[PDB]
Amino acid sequence: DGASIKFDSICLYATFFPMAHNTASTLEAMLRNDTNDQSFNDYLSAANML
Amino acid sequence: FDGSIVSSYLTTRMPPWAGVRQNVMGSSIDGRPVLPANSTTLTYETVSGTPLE
């Protein structure tokens, strides 16, 4: 019943940290390791059958 | 007559943006209608709009 929507320019908004040039490369190499990598999942990561 | 003068009181520094010296809209930045340089309406985002794509 008669309604519309239209949009154009969408931007990214990173609010990370004002970090060092010194520690950044040092902190990068630890996560760049083959041994330690970012693990992520859900509390409910279950599949459903409808 | 007043206490003010030709070679007058010095001001401590000079004020950084354009608007410390005006109170005029008719001459504004690429607009027909513009909200005044001192008014109450200027303190809040009066979003100008029309349908885009």
# chains A, B, ... in the order shown; residues from 1 in each chain; ligands from 1
>>> interface_residues(of="chain B", to="chain A", cutoff="9 Å", atoms="only C-alpha atoms", output="PDB file with N, CA, C and O atoms, in the first residue's frame")
ATOM      1  N   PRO B  51      13.457  14.421  -2.867  1.00  0.00           N
ATOM      2  CA  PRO B  51      13.761  13.017  -3.329  1.00  0.00           C
ATOM      3  C   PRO B  51      15.026  12.653  -4.432  1.00  0.00           C
ATOM      4  O   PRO B  51      14.858  12.946  -5.611  1.00  0.00           O
ATOM      5  N   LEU B  52      16.319  11.950  -3.990  1.00  0.00           N
ATOM      6  CA  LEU B  52      17.656  11.518  -4.788  1.00  0.00           C
ATOM      7  C   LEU B  52      17.884   9.975  -5.264  1.00  0.00           C
ATOM      8  O   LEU B  52      17.175   9.092  -4.796  1.00  0.00           O
ATOM      9  N   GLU B  53      18.887   9.725  -6.197  1.00  0.00           N
ATOM     10  CA  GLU B  53      19.280   8.405  -6.831  1.00  0.00           C
ATOM     11  C   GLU B  53      20.201   8.631  -8.037  1.00  0.00           C
ATOM     12  O   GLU B  53      20.100   9.653  -8.723  1.00  0.00           O
TER      13      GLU B  53
END
>>> select_by_dssp(residues="chain A", states="alpha helix (DSSP H)", output="PDB file with N, CA, C and O atoms, in the first residue's frame")
ATOM      1  N   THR A  23      54.714   0.009  18.152  1.00  0.00           N
ATOM      2  CA  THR A  23      54.087  -1.221  18.668  1.00  0.00           C
ATOM      3  C   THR A  23      53.229  -1.973  17.653  1.00  0.00           C
ATOM      4  O   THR A  23      53.040  -3.186  17.791  1.00  0.00           O
ATOM      5  N   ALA A  24      52.721  -1.261  16.644  1.00  0.00           N
ATOM      6  CA  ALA A  24      51.830  -1.841  15.631  1.00  0.00           C
ATOM      7  C   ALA A  24      52.437  -3.049  14.913  1.00  0.00           C
ATOM      8  O   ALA A  24      51.819  -4.113  14.885  1.00  0.00           O
ATOM      9  N   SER A  25      53.649  -2.884  14.378  1.00  0.00           N
ATOM     10  CA  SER A  25      54.382  -3.959  13.691  1.00  0.00           C
ATOM     11  C   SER A  25      54.785  -5.113  14.620  1.00  0.00           C
ATOM     12  O   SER A  25      54.899  -6.259  14.175  1.00  0.00           O
ATOM     13  N   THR A  26      54.997  -4.795  15.898  1.00  0.00           N
ATOM     14  CA  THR A  26      55.320  -5.785  16.933  1.00  0.00           C
ATOM     15  C   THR A  26      54.083  -6.616  17.306  1.00  0.00           C
ATOM     16  O   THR A  26      54.174  -7.840  17.443  1.00  0.00           O
ATOM     17  N   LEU A  27      52.942  -5.941  17.464  1.00  0.00           N
ATOM     18  CA  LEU A  27      51.656  -6.585  17.763  1.00  0.00           C
ATOM     19  C   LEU A  27      51.074  -7.360  16.576  1.00  0.00           C
ATOM     20  O   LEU A  27      50.322  -8.321  16.772  1.00  0.00           O
ATOM     21  N   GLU A  28      51.423  -6.934  15.361  1.00  0.00           N
ATOM     22  CA  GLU A  28      50.987  -7.587  14.118  1.00  0.00           C
ATOM     23  C   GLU A  28      51.579  -8.984  13.938  1.00  0.00           C
ATOM     24  O   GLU A  28      50.856  -9.915  13.577  1.00  0.00           O
ATOM     25  N   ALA A  29      52.882  -9.114  14.206  1.00  0.00           N
ATOM     26  CA  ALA A  29      53.645 -10.355  14.006  1.00  0.00           C
ATOM     27  C   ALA A  29      53.171 -11.538  14.860  1.00  0.00           C
ATOM     28  O   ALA A  29      53.275 -12.692  14.434  1.00  0.00           O
ATOM     29  N   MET A  30      52.663 -11.236  16.055  1.00  0.00           N
ATOM     30  CA  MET A  30      52.091 -12.236  16.964  1.00  0.00           C
ATOM     31  C   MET A  30      50.802 -12.870  16.443  1.00  0.00           C
ATOM     32  O   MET A  30      50.570 -14.065  16.646  1.00  0.00           O
ATOM     33  N   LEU A  31      49.970 -12.062  15.785  1.00  0.00           N
ATOM     34  CA  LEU A  31      48.739 -12.544  15.155  1.00  0.00           C
ATOM     35  C   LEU A  31      48.996 -13.027  13.723  1.00  0.00           C
ATOM     36  O   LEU A  31      48.210 -13.806  13.176  1.00  0.00           O
TER      37      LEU A  31
END
>>> residues_around(residues="range 33-46 of chain B", least_positions_apart="4", cutoff="7 Å", atoms="only C-alpha atoms", output="PDB file with N, CA, C and O atoms, in the first residue's frame")
ATOM      1  N   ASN B  23      27.051  39.603  10.310  1.00  0.00           N
ATOM      2  CA  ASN B  23      25.730  39.364  10.772  1.00  0.00           C
ATOM      3  C   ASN B  23      24.787  39.339   9.579  1.00  0.00           C
ATOM      4  O   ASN B  23      23.586  39.561   9.702  1.00  0.00           O
ATOM      5  N   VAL B  24      25.337  39.059   8.380  1.00  0.00           N
ATOM      6  CA  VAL B  24      24.633  39.088   7.080  1.00  0.00           C
ATOM      7  C   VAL B  24      24.541  37.708   6.335  1.00  0.00           C
ATOM      8  O   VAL B  24      25.544  36.985   6.214  1.00  0.00           O
ATOM      9  N   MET B  25      23.324  37.364   5.838  1.00  0.00           N
ATOM     10  CA  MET B  25      23.045  36.112   5.123  1.00  0.00           C
ATOM     11  C   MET B  25      22.989  36.282   3.607  1.00  0.00           C
ATOM     12  O   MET B  25      23.512  35.449   2.864  1.00  0.00           O
ATOM     13  N   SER B  28      25.726  34.761   1.365  1.00  0.00           N
ATOM     14  CA  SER B  28      26.267  33.438   1.759  1.00  0.00           C
ATOM     15  C   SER B  28      26.856  32.491   0.643  1.00  0.00           C
ATOM     16  O   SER B  28      26.959  32.888  -0.526  1.00  0.00           O
TER      17      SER B  28
END
>>> closest_residue(among="B:12, B:2, B:7, B:48", to="residue 31 in chain B", atoms="only C-alpha atoms")
B:48
>>> atom_distance(atom1="CA of residue 49 in chain B", atom2="CA of residue 14 in chain A")
27.3 Å
>>> atom_distance(atom1="CA of residue 38 in chain A", atom2="CA of residue 10 in chain A")
27.7 Å
>>> decode(residues="range 6-44 of chain A", atoms="N, CA and C atoms", output="mmCIF file, in the first residue's frame")
data_model
loop_
_atom_site.group_PDB
_atom_site.id
_atom_site.type_symbol
_atom_site.label_atom_id
_atom_site.label_comp_id
_atom_site.auth_asym_id
_atom_site.auth_seq_id
_atom_site.Cartn_x
_atom_site.Cartn_y
_atom_site.Cartn_z
ATOM 1 N N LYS A 6 14.796 5.174 -1.233
ATOM 2 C CA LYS A 6 15.907 5.393 -2.165
ATOM 3 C C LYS A 6 17.092 6.051 -1.456
ATOM 4 N N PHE A 7 18.308 5.538 -1.761
ATOM 5 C CA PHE A 7 19.529 6.031 -1.112
ATOM 6 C C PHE A 7 20.773 6.087 -2.026
ATOM 7 N N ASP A 8 21.839 6.783 -1.681
ATOM 8 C CA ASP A 8 22.986 6.767 -2.547
ATOM 9 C C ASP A 8 24.342 6.395 -1.854
ATOM 10 N N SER A 9 25.023 7.359 -1.293
ATOM 11 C CA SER A 9 26.355 7.193 -0.709
ATOM 12 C C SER A 9 26.499 6.616 0.706
ATOM 13 N N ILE A 10 27.070 5.401 0.816
ATOM 14 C CA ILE A 10 27.262 4.753 2.130
ATOM 15 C C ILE A 10 28.743 4.723 2.500
ATOM 16 N N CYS A 11 29.077 5.232 3.686
ATOM 17 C CA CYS A 11 30.482 5.339 4.132
ATOM 18 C C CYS A 11 30.862 4.363 5.251
ATOM 19 N N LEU A 12 32.150 4.019 5.330
ATOM 20 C CA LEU A 12 32.697 3.220 6.438
ATOM 21 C C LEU A 12 33.219 4.108 7.566
ATOM 22 N N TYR A 13 32.943 3.698 8.806
ATOM 23 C CA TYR A 13 33.272 4.492 9.994
ATOM 24 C C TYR A 13 34.082 3.703 11.021
ATOM 25 N N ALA A 14 35.391 3.639 10.782
ATOM 26 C CA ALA A 14 36.321 2.937 11.659
ATOM 27 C C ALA A 14 36.719 3.812 12.843
ATOM 28 N N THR A 15 36.501 3.290 14.049
ATOM 29 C CA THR A 15 36.836 3.986 15.299
ATOM 30 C C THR A 15 37.746 3.109 16.172
ATOM 31 N N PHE A 16 38.831 2.628 15.563
ATOM 32 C CA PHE A 16 39.725 1.632 16.171
ATOM 33 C C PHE A 16 40.563 2.152 17.346
ATOM 34 N N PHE A 17 41.681 2.828 17.056
ATOM 35 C CA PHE A 17 42.629 3.320 18.065
ATOM 36 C C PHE A 17 43.707 4.221 17.451
ATOM 37 N N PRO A 18 44.033 5.350 18.122
ATOM 38 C CA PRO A 18 45.217 6.131 17.741
ATOM 39 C C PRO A 18 46.504 5.469 18.261
ATOM 40 N N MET A 19 46.998 4.491 17.501
ATOM 41 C CA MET A 19 48.117 3.636 17.920
ATOM 42 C C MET A 19 49.499 4.187 17.548
ATOM 43 N N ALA A 20 50.535 3.449 17.948
ATOM 44 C CA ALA A 20 51.924 3.772 17.628
ATOM 45 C C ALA A 20 52.368 3.204 16.283
ATOM 46 N N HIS A 21 53.429 3.801 15.741
ATOM 47 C CA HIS A 21 54.162 3.279 14.593
ATOM 48 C C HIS A 21 55.139 2.203 15.078
ATOM 49 N N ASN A 22 55.462 2.260 16.373
ATOM 50 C CA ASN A 22 56.409 1.351 17.019
ATOM 51 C C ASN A 22 55.783 -0.006 17.353
ATOM 52 N N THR A 23 54.714 0.009 18.152
ATOM 53 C CA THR A 23 54.087 -1.221 18.668
ATOM 54 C C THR A 23 53.229 -1.973 17.653
ATOM 55 N N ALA A 24 52.721 -1.261 16.644
ATOM 56 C CA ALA A 24 51.830 -1.841 15.631
ATOM 57 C C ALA A 24 52.437 -3.049 14.913
ATOM 58 N N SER A 25 53.649 -2.884 14.378
ATOM 59 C CA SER A 25 54.382 -3.959 13.691
ATOM 60 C C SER A 25 54.785 -5.113 14.620
ATOM 61 N N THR A 26 54.997 -4.795 15.898
ATOM 62 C CA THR A 26 55.320 -5.785 16.933
ATOM 63 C C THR A 26 54.083 -6.616 17.306
ATOM 64 N N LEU A 27 52.942 -5.941 17.464
ATOM 65 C CA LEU A 27 51.656 -6.585 17.763
ATOM 66 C C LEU A 27 51.074 -7.360 16.576
ATOM 67 N N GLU A 28 51.423 -6.934 15.361
ATOM 68 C CA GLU A 28 50.987 -7.587 14.118
ATOM 69 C C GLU A 28 51.579 -8.984 13.938
ATOM 70 N N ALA A 29 52.882 -9.114 14.206
ATOM 71 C CA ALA A 29 53.645 -10.355 14.006
ATOM 72 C C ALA A 29 53.171 -11.538 14.860
ATOM 73 N N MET A 30 52.663 -11.236 16.055
ATOM 74 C CA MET A 30 52.091 -12.236 16.964
ATOM 75 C C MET A 30 50.802 -12.870 16.443
ATOM 76 N N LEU A 31 49.970 -12.062 15.785
ATOM 77 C CA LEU A 31 48.739 -12.544 15.155
ATOM 78 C C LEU A 31 48.996 -13.027 13.723
ATOM 79 N N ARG A 32 50.108 -12.570 13.140
ATOM 80 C CA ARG A 32 50.599 -13.035 11.834
ATOM 81 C C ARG A 32 51.189 -14.455 11.918
ATOM 82 N N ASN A 33 51.394 -14.941 13.144
ATOM 83 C CA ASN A 33 51.879 -16.298 13.402
ATOM 84 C C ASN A 33 50.914 -17.374 12.906
ATOM 85 N N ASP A 34 51.485 -18.504 12.493
ATOM 86 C CA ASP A 34 50.729 -19.670 12.034
ATOM 87 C C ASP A 34 50.044 -20.400 13.199
ATOM 88 N N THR A 35 50.484 -20.096 14.422
ATOM 89 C CA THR A 35 50.017 -20.761 15.644
ATOM 90 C C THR A 35 48.794 -20.082 16.281
ATOM 91 N N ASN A 36 48.728 -18.750 16.209
ATOM 92 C CA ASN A 36 47.657 -17.975 16.854
ATOM 93 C C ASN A 36 46.839 -17.160 15.852
ATOM 94 N N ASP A 37 45.542 -17.469 15.771
ATOM 95 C CA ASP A 37 44.627 -16.856 14.797
ATOM 96 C C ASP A 37 43.225 -16.616 15.367
ATOM 97 N N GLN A 38 42.614 -15.507 14.945
ATOM 98 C CA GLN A 38 41.336 -15.000 15.480
ATOM 99 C C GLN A 38 40.158 -15.981 15.363
ATOM 100 N N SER A 39 39.777 -16.579 16.492
ATOM 101 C CA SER A 39 38.660 -17.528 16.546
ATOM 102 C C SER A 39 37.349 -16.826 16.898
ATOM 103 N N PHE A 40 36.308 -17.098 16.109
ATOM 104 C CA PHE A 40 34.991 -16.475 16.284
ATOM 105 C C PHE A 40 33.830 -17.423 15.989
ATOM 106 N N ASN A 41 32.835 -17.400 16.878
ATOM 107 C CA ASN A 41 31.600 -18.190 16.756
ATOM 108 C C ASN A 41 30.441 -17.570 17.548
ATOM 109 N N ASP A 42 29.294 -18.251 17.539
ATOM 110 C CA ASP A 42 28.097 -17.810 18.259
ATOM 111 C C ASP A 42 27.820 -18.687 19.480
ATOM 112 N N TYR A 43 27.031 -18.151 20.411
ATOM 113 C CA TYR A 43 26.486 -18.914 21.536
ATOM 114 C C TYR A 43 25.439 -19.906 21.017
ATOM 115 N N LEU A 44 24.668 -19.459 20.024
ATOM 116 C CA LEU A 44 23.761 -20.306 19.258
ATOM 117 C C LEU A 44 24.168 -20.227 17.783
#
